[PDB]
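Colleague: What shape does this take:
(11 chains)
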Amino acid sequence: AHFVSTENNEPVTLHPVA
Amino acid sequence: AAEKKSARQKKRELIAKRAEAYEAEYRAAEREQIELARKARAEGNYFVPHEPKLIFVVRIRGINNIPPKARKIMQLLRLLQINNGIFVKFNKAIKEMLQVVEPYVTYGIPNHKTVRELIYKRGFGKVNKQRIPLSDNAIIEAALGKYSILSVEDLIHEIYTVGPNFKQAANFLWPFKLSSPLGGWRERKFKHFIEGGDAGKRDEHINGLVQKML
Amino acid sequence: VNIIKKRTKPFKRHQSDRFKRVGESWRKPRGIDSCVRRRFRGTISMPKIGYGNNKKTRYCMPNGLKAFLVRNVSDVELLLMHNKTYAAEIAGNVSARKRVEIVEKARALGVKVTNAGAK
Amino acid sequence: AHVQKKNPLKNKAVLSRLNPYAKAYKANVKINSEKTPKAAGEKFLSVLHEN
Amino acid sequence: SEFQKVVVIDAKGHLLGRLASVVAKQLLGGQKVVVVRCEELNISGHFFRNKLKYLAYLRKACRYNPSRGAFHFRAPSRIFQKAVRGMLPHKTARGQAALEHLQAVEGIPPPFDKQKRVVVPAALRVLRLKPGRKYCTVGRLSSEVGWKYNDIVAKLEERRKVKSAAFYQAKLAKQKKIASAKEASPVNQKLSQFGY
Amino acid sequence: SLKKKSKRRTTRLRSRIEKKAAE
Amino acid sequence: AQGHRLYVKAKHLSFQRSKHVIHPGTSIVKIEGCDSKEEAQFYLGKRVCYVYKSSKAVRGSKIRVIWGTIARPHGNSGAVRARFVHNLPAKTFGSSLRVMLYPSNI
Amino acid sequence: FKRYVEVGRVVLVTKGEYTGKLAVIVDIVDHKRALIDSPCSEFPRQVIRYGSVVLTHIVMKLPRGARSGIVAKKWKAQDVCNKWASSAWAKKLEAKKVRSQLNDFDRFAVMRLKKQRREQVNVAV
Amino acid sequence: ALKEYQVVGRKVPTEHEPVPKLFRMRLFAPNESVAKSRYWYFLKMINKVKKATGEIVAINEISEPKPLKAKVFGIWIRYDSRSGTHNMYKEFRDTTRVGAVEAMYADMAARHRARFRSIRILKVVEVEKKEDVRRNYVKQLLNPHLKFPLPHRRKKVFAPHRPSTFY
RNA sequence: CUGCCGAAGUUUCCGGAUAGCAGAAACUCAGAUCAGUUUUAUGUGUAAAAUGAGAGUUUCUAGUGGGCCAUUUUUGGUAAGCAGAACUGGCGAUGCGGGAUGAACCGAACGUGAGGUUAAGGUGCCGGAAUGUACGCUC
RNA sequence: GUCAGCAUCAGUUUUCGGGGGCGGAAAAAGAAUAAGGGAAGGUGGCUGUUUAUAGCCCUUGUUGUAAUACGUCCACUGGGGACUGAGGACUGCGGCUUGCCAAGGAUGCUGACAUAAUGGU
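Modeller: Residues are numbered from 1 along each chain as shown, chains lettered A, B, ... in the order given. Next up is the structure itself:
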């Protein structure tokens, strides 16, 4: 396995578009 | 007289040490993954578990009305009968095979209990092109002594962890002849597993299906 | 070990019931459209090698011995060493005088007689 | 040899034959006996309870 | 759950199909069933719709000798018996035996008016039909198709109600006496800890 | 039926209905 | 008079069958008072018998009996499957069977 | 009507693992669901469907959405317990439960009880 | 039963995009495998992110923070019809976001004969104020004096007495 | 009479020789080659890892040389049908469960039996199996 | 000889429980108990208001290593039922200690009946 950093990689929430 | 008894007794202790070492490895690997996930969650970080190098494939469709292209692959997978389960080395060359026999087989990630129970109950070795039950460690020892596999626990380890000799171990195991599931399949079985059926990839639910089949 | 037979009814030739000219002795149907050779439902069964009985109990009577045809007192003597394996069966054309002689000799030798009380 | 196949899971004696380690296994171990550290980042909770 | 030798079913407020399917199963089970008050059965759908149903059933007849066609029976008991029969293997000896173990009668004849009449919860209109939905009654349907004993059955049932109610008053008066003497004995309250 | 016409259809009629649906 | 009947009553419903094939070896039995497969687990292993009468006085008796054993539940409604020493005749569909209380485990 | 689905009504659970218990409708969800709670610790606060309960005639004052503790406090204050038991319906249910748990020896004593009770059958002429 | 899943994923890192954006969706599925499959289908249909070139970085089930409190949820949906183009908004009153989603799927399948694939969840929000509550039946459920008779009250065959079927 | 092996169902050239499928005999081959398969690489084709299987040839001698149905692509279309190819399937040599009944539909492929569990389809009654559970629509 | 009943086992299987690890938001809840915030589908009070003579919602602390659900695992355990008994001196792999054993396939204890039970035709 490996690690991934979220520092300056904050997740953007997405929801489908009509 | 005494030489063979001493050698077999020492061999018995050696297997016990290996089995103890293997059991600790599984516990440590599970514990360390949990610690890594816990630390990622505490830091807000995201931790990706490694890809599963092992997959267990069960044929769910019979020998009737199957295209020749799909038929040859199950011939190469030794899935010559319905409700037959085998171990496959999950890699880039296998993902494409299983993607085209998606409507005919199901597969997923087997845990240790699934592999341990399968070899204990349905474990049969291919000895001199014959289906001999793995009823004692000497059967495995004479057939896989070149690859330093001496007992059922060694065979389970070589299958579970996908060691260097996984190809030899998987080829040694005659394809498991599983029964019809206890409780049955879903209402519609040949739909894709995602769409409410019981075909294709199912990840960690291959265990819940296999326990029915054992 | 007991004797168990895979089947008890005989295999009858097809339509032997309907026709008196068609004997009940089994004959394999060569008809191409024969639904009975095709093994349809409700049709009668055909002789198969799967109906063969146990090798260790084949040719054995219910009592567990094998019938051996005997014509004279000389034949019975040949059954001295197999009285627990073979049971003497006197032939149907043996006269009444030789019947009683065969039965007495077999009884003295300890050899079973299958049809002793006859003629 | 091996006239009958006996399942090691249902046969304690056959399991001993196949696996000379089941005699000492210690299946259940108590490891959550110290102060349980509630490990969850505050930003992770906000992302979890988002929208 | 249980059975009796003879089961008397009071078909008032029951549905034709729901009751018949329960009855047909009991007959094949080996029980004897007597369905009384067959003229009080109910059918889903409004009266005109059901009348057109049967009328269309009357149309079923051969050109040759209509006496060889389907014999249309107008009595409510005969209507109910036809519904039961179609739910039975009536072309076999097992089906014929089950039919003979059933007796459907209009009203309640004297041999059955002095016996307890059970009801089928699975066939009751008040439980099976949504309130406000249209339902017909076989008695009115039969009397319009050609049944010609509606009035007399109504009169005979009125007399049966009067005689039965007088019996109930006598039994209730007797039950009042035994109820009064029930708790009069101190032994009832002595060890009533067993729930009796 | 009950109306004027049988709801049940002829087997060759069903197939050609499937054929007409296809084209 | 009601100091007897140490048995539960039951009815021989039919054979164990598909829509078109019967298997006369095992019979479906409706034990009364039983209402679920969980309730049928009590009656598993009990001794069910079929008591009938014949013309001849065998052993000076007009009544013969075919024994049997409750095997497993059949469906969600509490019916059971029973295996008799001699498979029951097809004429007993709907007849009465007696389910004894032995071998008991209560 | 005597029974209405309203906040503060005591209900009897009929279907589920809590059959026979007494609950009170703390809040109403919609035409097919209701949120209930009971003072007894064995009965957790949960959402139930109306098919699982039967509306009892006992209605006690209760603010909408009250927490479990205050529901118990109101339950103790208004003495809903043994107020349900005061009804003849509850006595029949409890007597049925007692009869269910009786063993063979207790049933024998019952027969002697009712035989002695039937002994009198004495009425005035 | 459905389970709410928080799904976060991204494309495989490459010299072109060494730090790809982490896309997170809140979508409902019976299990994790279905949730990831629906996530990848949505990501392809929205951001044109290929399933093959991507991977899943985090998956987490979500429990209702207040499952014992009655709430009203408004759900936006893009239903597919014969024309395959529709968008509606529906309100459901219940105690769990999963329950509202469960009710919405049953309702749409009951009325418009929809399916799980024809339905795509657009947005789920918790409307807490009676002012923003729009539907009449929801308002008549939030009335302070709500009380009504219980409707549809409804082996042991051969009952000896007639049912009370009332109070 | 039983048992075993078991097709072709049509190319390619002038009724055929040929090939193909099925067998036999005799050879060599296991540090070897194959494959109705998938990856990798080079530009759909070519070349070299995965998985399965012992893999090859030479002789010679039987039977086959039709069609039907369906999918997809495509060629035109036509009142509307359809017509022309290709494509691999299914039948054809083959019973069984279900679809009320059935050459082509869903499952499933066969020695004789016991037990267990399922597929497709079902559980009001005929009929083996819940007049199950939950939410809606419909007179 | 026939047919039964039970026990201790072996093989296949089905069906109920009990106990204990581990995991997730180290469940979410919740309860009890301290802050602050907000209000209503507005209670006492006086249509309008902010816990009073009902209470509710939100956040935090605490009780906390809370419980429980759930997933998962036990070479953890307790029962009920059905089918099967192939093989025929000894070898083997193992366990407990020469021996004993659930360890390379069923034995033991009893009955009833023979004028009948079973098997037939």
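
Colleague: I'd guessed residue G:48 sits against residue G:96; true?
Modeller: No: using Cβ atoms under 8 Å, residue G:48 is not in contact with residue G:96, being 10.8 Å away. Quick note: C-beta positions are derived from backbone N, CA and C, even for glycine.

Colleague: what do the two both touch?
Modeller: residue G:10 (Cβ atoms under 8 Å, 6 or more residues apart in numbering or on different chains).

Colleague: which one of these two has more residues nearby?
Modeller: More crowded of residue G:48 and residue G:96, by other Cβ atoms under 10 Å in any protein chain shown: residue G:48, with 26 against 15.

Colleague: for the residue nearest in space to the middle of chain C, what are its contacts?
Modeller: Nearest residue to the geometric centre of chain C (Cα atoms, centre = their mean): residue C:59, 7.1 Å. Residues counted as contacts of residue C:59 (Cβ under 8 Å, 6+ apart) are residue C:66.

Colleague: Same question for residue D:22.
Modeller: Listed by Cβ under 8 Å, 6+ apart, the contact set of residue D:22 reads D:15, D:16.

Colleague: Okay, residue E:111 and chain I: tell me how far apart.
Modeller: Going from residue E:111 to chain I by Cβ to the nearest Cβ, to the nearest Å gives 19 Å.

Colleague: Now name the helix or strand holding that residue.
Modeller: Assessed by DSSP states H and E, residue E:111 sits inside helix E:110-113.

Colleague: and what of residue H:11?
Modeller: strand H:9-13.

Colleague: Parallel or antiparallel, list what pairs with that strand.
Modeller: Looking at strand H:9-13 with DSSP bridges, its partner strands are strand H:22-30 (antiparallel), strand H:53-59 (antiparallel).

Colleague: what sits against the residue of chain B found nearest chain H?
Modeller: Nearest to chain H, among the residues of chain B, is residue B:183, at 22.8 Å (Cβ to the nearest Cβ). Counting by Cβ under 8 Å, 6+ apart, residue B:183 makes contact with residue B:212.

Colleague: Please name the bridge partners of the nearest residue in space to residue G:44 that is not next to it in sequence.
Modeller: In this structure, residue G:44 finds its nearest non-sequential neighbour in residue G:70, 5.6 Å apart by Cβ to Cβ, 6 or more residues apart in numbering or on different chains. In this entry, residue G:70 is beta-bridged to residue G:82, by DSSP bridges.

Colleague: Pick the most buried one from the strands paired with strand H:9-13.
Modeller: Most buried of those, by mean neighbour count (mean count of other Cβ atoms under 10 Å in any protein chain shown): strand H:22-30, with a mean of 22.

Colleague: by contact count, what packs against the helix or strand that that strand is followed by?
Modeller: Later in the chain than strand H:22-30, the nearest helix or strand by DSSP H and E is strand H:33-37. When contacts are defined as 3 or more Cβ pairs under 8 Å, 6 or more residues apart in numbering or on different chains; DSSP states H and E, strand H:33-37 packs onto strand H:9-13, strand H:22-30, strand H:46-49.

Colleague: residue of chain A with the smallest distance to chain I?
Modeller: Chain I sits closest to residue A:11 of chain A, with a gap of 3.8 Å, by Cβ to the nearest Cβ.

Colleague: got it, and chain H?
Modeller: When scored by Cβ to the nearest Cβ, chain H has residue H:6 as its residue closest to chain I, at 3.7 Å.

Colleague: Tabulate the strands paired with strand H:9-13 (TSV), appending distance to residue I:86.
Modeller: As requested, these are arranged in TSV below (distance: least, Cβ to Cβ, whole Å):
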stretch	distance to residue I:86
strand H:22-30	25
strand H:53-59	38
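
Colleague: okay, these in TSV with distance to RNA strand K next?
Modeller: As requested, the strands paired with strand H:9-13 are arranged in TSV below (distance: least, Cβ to the nearest atom of the strand, whole Å):
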stretch	distance to RNA strand K
strand H:22-30	6
strand H:53-59	15
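
Colleague: Pull up the residues of chain H that are close to chain I.
Modeller: Chain H comes close to chain I at residues H:1-7, H:27-31, H:33, H:35, H:45-47, H:50-51, H:55, H:57, H:64-65, as judged by Cβ under 8 Å from any Cβ of the partner chain.
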